[PDB]
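Notes follow once the structure below has been shown.
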Amino acid sequence: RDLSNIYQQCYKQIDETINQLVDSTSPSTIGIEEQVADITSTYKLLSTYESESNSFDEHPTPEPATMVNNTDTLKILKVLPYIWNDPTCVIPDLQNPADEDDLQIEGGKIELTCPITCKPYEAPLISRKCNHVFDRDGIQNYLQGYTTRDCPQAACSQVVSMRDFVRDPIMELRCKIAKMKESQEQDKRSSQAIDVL
Amino acid sequence: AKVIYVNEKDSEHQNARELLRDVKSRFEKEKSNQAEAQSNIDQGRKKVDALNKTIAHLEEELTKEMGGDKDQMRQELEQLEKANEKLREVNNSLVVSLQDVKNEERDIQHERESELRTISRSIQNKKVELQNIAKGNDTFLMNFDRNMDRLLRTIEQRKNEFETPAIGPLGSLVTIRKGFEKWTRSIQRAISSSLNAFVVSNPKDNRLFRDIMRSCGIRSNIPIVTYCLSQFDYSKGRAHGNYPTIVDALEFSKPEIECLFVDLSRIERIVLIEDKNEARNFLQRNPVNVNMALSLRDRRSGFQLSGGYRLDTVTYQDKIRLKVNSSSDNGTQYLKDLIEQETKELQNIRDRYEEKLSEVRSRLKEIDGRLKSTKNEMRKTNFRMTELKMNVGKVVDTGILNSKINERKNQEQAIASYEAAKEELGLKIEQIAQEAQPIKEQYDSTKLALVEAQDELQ
Amino acid sequence: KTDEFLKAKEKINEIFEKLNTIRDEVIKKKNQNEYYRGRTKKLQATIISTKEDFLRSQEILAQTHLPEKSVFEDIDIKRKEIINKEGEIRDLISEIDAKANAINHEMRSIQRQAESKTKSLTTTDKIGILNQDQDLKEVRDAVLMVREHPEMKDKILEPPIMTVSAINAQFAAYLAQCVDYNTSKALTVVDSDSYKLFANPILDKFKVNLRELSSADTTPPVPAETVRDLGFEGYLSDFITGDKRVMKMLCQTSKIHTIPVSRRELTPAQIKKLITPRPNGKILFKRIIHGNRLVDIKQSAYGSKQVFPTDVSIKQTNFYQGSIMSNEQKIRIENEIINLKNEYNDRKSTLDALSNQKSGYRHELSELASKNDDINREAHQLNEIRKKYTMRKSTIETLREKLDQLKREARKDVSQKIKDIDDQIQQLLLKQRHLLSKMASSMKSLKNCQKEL
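One line per chain: the protein sequences are C, B and A, in this order. Mapped onto PDB author numbering, the consecutive letters of the first sequence carry residue numbers 28 to 86, 130 to 267. If you count the second sequence from 1, you need to add 366 to reach PDB author numbering. If you count the third sequence from 1, you need to add 326 to reach PDB author numbering.
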């Protein structure tokens, strides 16, 4: 006798709330760290409750859980402040708990804009060793799917195996607020230049 | 078969949610657009109505000074010109009346100046004739003719010198008898020839006496009448009227001259009978062979009559025509008193003229006053038609005010355009609503259909 | 008691639904945000358009479009010129009033000159003889009465001294001594007995004479043409001119029927042919008219037919007017004065014409004043040009003062709602967080109730 998936549903409920917040901040917002901390509290508390409920799946005062947060989906929360700082940031963690070089990028300014066909990334996917990104664009069919050598960039630093390219939601989030804030200055200046002459 | 299967059916939830979002967003956005249209239209019409007639009222204070009376102010010229012409013509009539009355004044003037003094002097002349002794001017001896004085004063020498003796002109042989004054006031108009002339022998002497005029300056050729100095032929009727006749009432220096009277032309047969109709009494029968008579009209004048009823009115005046003991010097009392009594006519008829003249020229004062009133009406109408040069002369300075009317007008056209937009947008929203709300049933059913359990069955 | 805990779950579902409502509000508020950004786009468009509109409308003020004090000072100045018009109008009105007054002053003289033109020859009316005396004016009124009494006119006409006419006074003297002047001013009987039928008014209302026949032997009044004996020239009644009844009137009413006429100073020398009764029904040889004198002869019933003399001369004086001496006296008393007044009349009509020429000069001045007022109305076309350019200037000022409020309002009115959107975002941020905490707080009141199951 069990009732389980209600709480996967509540997981989805908090996830969809995170997706709500990620793009709802107004240009007038100052700091988000308290919001980040509160979402962290709720997320990790629900994670602990995940163990508190699974403790009886093996089947009160049961055995201690001892599981610790080491999953990939925790990444969805880490980055927001450094998006709030300025567009110069590059952040996807995978490995580093802190920023790219724990503060700085310094890795060659390949940016929102594509390295060659210089448009902003609009349908990207990342690989979790190389950080190569494509939108299945004009690099779509050179030798696609043949992961032994010659991923389309000269002298990379590893041989690769086939996982194509996978989820990364960080990409357009930094673009959104950056463009909003930068265009607000242009709007205000163009206004005040002519306002009441 | 049928192990896990339809767990994927939640996929319908995604399409349901996106359809819900699309329809709801369209509905809300277009409802907000309609609300925007409503608010904008309301605020615009409020904005205009806050000023619509304020400009008109502010304009219509000085503009009313030249206000909608324009039509009648312009047309005032017609009736003012009518007034001008009517005033001119009526004044023409007044001046015609005034100058015609003045023509009457001068006519009546000449009437009295040419008659009053002339006639008064004419009938006063008898007194100078009475009391003058001087050449040329009137004399006692004009009773026949003015210069007859000269002829008789010369005959004073020549009173024998022709084919028979001529001792007298017959005015000294025969004279009016004593005390016959009231019979005498018409002797001139009664007898005309016998007393004037002188005697000759026989009709051979027709050419005889005529032209010894050349002695002193006598005026006229003067008659010849002849009868001998003796009685003749009593063998026929000797007439004697009812009253002392020209036979009874005579005084004689030569008594034998009686006979020629009855032989005269019947101008001897004259009997004064007091009044006009008293002579009408019995001369019809012409008693004792008398034919002519005299009668009274007033103590001045009267009538000449014959036959009993025959009547005529003549010019009685106060001339005597004889050398008489009752001479002109005997009536001096009357000749003075009645003269002073009757010269009254000179002022009487004059007054009878100027009272009427005064009446008419006093009437003229009314038309003179009306002429002045019309001449003042002229300037009154001038100062009233000055309204033309006032209003038309004053340029309509409302333009600096009408500058603001164009926008106040076209704003209502703008509101009409926005109203045309809203009249269709308010129903675009409903048609979007009937697209949306029915679609919501799909989402309702999709959400409903998520139910299924997990059990130990095979 | 009944069921252990399964009547507790509903709370989590209700809180989940509330979170879903928060999400719906989130999406709605975001959409409102993109709606107000569209409002921002609209206001930006409006300002960018209106600013350029104002810039060019303001530059419209850079042209000359020169105004001056003349905007009202020219009309004020021409006030005195229109007043000059009014003064000329009243002066001309006075001049035409003088024209009318002179026209009337001349109409009377025109009537008189026409009357004189009619009077240029023999009498227009006989009644003019009696104007000299009061009693002659009584005779004038008697003439008017007989004209008012036609049955007394056609039987006793106007006096013979009135009706009769002749070439001159000397020719009118044919009828001057055979009948005395006093008798001469008696109305003219047609047939003997009209005397008794119509005497009264002439002798009582007015005071003049009448007379009756002496004999009525109506035959040739003189024994045949041998009567033209001493040079006698012809027939008295026909030598004078008048009505036949008038001619028969005096025949024996005043003893003129049997009288020859002659310019020669003749005389009734036939006296010796007549020492005899010799009536034969006639008394011819008593009286005649000869030259300018007259001898008189009697025939007495009592007498033995040897007659005795009598005589009177004929005066050439104011009697028997067919005219005022035909020409002689009139030439001076009327003709000369009326010809001088005809010269005066032409002069006065031409002086009224010169007054009308004075009027014509100011007629031309009146048309010139109207034409110069129309030239000032061309200046008024200029004035309307200036005032319509002031209409365009004031219209651009109205447009710019409208844009002044439009920009001032639009820049803030709806743009300030971003504060409301921000506050709603804050409310959403609070609600989502506290309701997630509420949802997480229900834990262990959950299915973990296996202490009592």
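Here a beta-carbon is modelled for each residue, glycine too, at the ideal position from N, C-alpha and C.
Taking the alpha carbon of residue i as the reference point, which residue from the options has its own alpha carbon closest?
i: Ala426 of chain A; options: A:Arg734, A:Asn682, A:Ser763; result: A:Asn682
i: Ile146 of chain C; options: C:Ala64, C:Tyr212, C:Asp29; result: C:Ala64
i: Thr56 of chain C; options: C:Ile247, C:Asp265, C:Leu267; result: C:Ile247
i: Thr592 of chain B; options: B:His606, B:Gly603, B:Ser567, B:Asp599; result: B:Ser567
i: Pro621 of chain B; options: B:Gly537, B:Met432, B:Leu464, B:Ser783; result: B:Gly537
i: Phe398 of chain A; options: A:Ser763, A:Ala705, A:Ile744; result: A:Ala705
i: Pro594 of chain A; options: A:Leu345, A:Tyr361, A:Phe611, A:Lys368; result: A:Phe611
i: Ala502 of chain A; options: A:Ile640, A:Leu369, A:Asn644; result: A:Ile640
i: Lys251 of chain C; options: C:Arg198, C:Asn155, C:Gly178; result: C:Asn155
Apply the 10 Å Cβ neighbour rule to residue i and answer buried if 16 or more other Cβ atoms are within range, or exposed otherwise.
i: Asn702 of chain A; result: buried
i: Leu562 of chain A; result: buried
i: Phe648 of chain B; result: exposed
i: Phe634 of chain A; result: buried
i: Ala371 of chain A; result: exposed
i: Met751 of chain B; result: buried
i: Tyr700 of chain B; result: exposed
i: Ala627 of chain A; result: exposed
i: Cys188 of chain C; result: exposed
Cβ of residue i less than 8 Å from any chain A Cβ?
i: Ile146 of chain C; result: no
i: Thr44 of chain C; result: yes
i: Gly792 of chain B; result: no
i: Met744 of chain B; result: yes
i: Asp821 of chain B; result: no
i: residue 122 of chain C; result: Between 86 and 130 in chain C the model has nothing, and residue 122 of chain C is one of the residues in that span.
i: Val266 of chain C; result: yes
i: residue 850 of chain B; result: Residue 850 of chain B cannot be examined here, being either before or after the span of chain B that is shown, 367 to 824.
i: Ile557 of chain B; result: no
i: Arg387 of chain B; result: yes
i: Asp629 of chain B; result: yes
i: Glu378 of chain B; result: no
Counting contacts by CB-CB distance shorter than 8 Å, is residue i in contact with chain B?
i: residue 780 of chain A; result: Because chain A here runs from 327 to 779, residue 780 of chain A falls outside it and cannot be looked at.
i: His475 of chain A; result: no
i: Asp637 of chain A; result: yes
i: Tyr670 of chain A; result: no
i: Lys344 of chain A; result: no
i: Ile597 of chain A; result: yes
i: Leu529 of chain A; result: yes
i: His706 of chain A; result: yes
Hey, is residue i's beta-carbon within less than 8 Å of any beta-carbon in chain C?
i: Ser768 of chain A; result: no
i: residue 789 of chain A; result: Past the edges of chain A, shown from 327 to 779, lies residue 789 of chain A, and the structure says nothing about it.
i: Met765 of chain A; result: yes
i: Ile751 of chain A; result: yes
i: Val397 of chain A; result: no
i: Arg759 of chain A; result: yes
i: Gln776 of chain A; result: yes
i: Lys773 of chain A; result: yes
Residue i versus chain F: which residues are under 7 Å apart at the beta carbon?
i: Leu729 of chain A; result: Here chain F cannot be found, since the structure's protein chains are C, B and A.
- Message: I want to know whether the region 767-780 of chain B touches the region 474-483 of chain B - three or more CB-CB distances under 8 Å.
- Response: With a cut-off of 8 Å, the region 474-483 of chain B and the region 767-780 of chain B do not count as touching, because too few Cβ pairs lie within range.
- Task: Give a yes or no on contact between the region 485-492 of chain A and the region 641-652 of chain A, applying the rule of three or more CB pairs nearer than 8 Å.
- Result: yes
- Query: Taking Cβ-Cβ distances below 8 Å as the criterion, which residues of the region 608-626 of chain A are in contact with chain B?
  - Reply: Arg619, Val621, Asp622, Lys624, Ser626
- Assess, as a yes-or-no matter, whether the region 808-818 of chain B is touched by the region 422-430 of chain B under the definition of 3 or more beta carbon pairs within less than 8 Å. no
- Query: Okay, do the region 755-769 of chain B and the region 720-727 of chain A touch, 3+ Cβ pairs below 8 Å being the bar?
  - Reply: Touching, per the Cβ criterion.
- Task: Residues of the region 368-391 of chain A with a CB closer than 7 Å to any CB of chain B: list them in chain order, please.
- Result: If you check each beta-carbon in the region 368-391 of chain A against every beta-carbon of chain B, none falls closer than 7 Å.
- Task: Spell out a yes or no on whether the region 39-57 of chain C and the region 751-758 of chain A are touching, meaning 3 or more CB-CB pairs, one atom from each, closer than 8 Å.
- Result: yes
- Task: Please name the residues in the region 569-580 of chain B whose beta-carbon is closer than 7 Å to at least one beta-carbon of chain A, in chain order.
- Result: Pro569, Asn572
- Message: Across the region 379-389 of chain A and the region 72-81 of chain C, are there enough close Cβ pairs to call them in contact, namely three or more that are closer than 8 Å?
- Response: no
- Task: Return the residues of the region 59-74 of chain C that lie within a Cβ-Cβ distance of less than 9 Å from chain A, sorted by chain order.
- Result: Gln62, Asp65, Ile66, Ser68, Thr69, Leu72, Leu73
- Quick one, which residues of the region 526-558 of chain A are near chain B if we go by CB-CB under 7 Å, in chain order? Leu529, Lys533, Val534, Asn535, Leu536, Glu538
- Task: Could you name the residues of the region 408-440 of chain A whose beta carbon sits closer than 9 Å to any beta carbon of chain B, in the order they occur along the chain?
- Result: Answer in chain order: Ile408, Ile409, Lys411, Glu412, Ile415, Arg416, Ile419, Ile422, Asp423, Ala426, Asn427, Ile429, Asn430, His431, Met433, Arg434.
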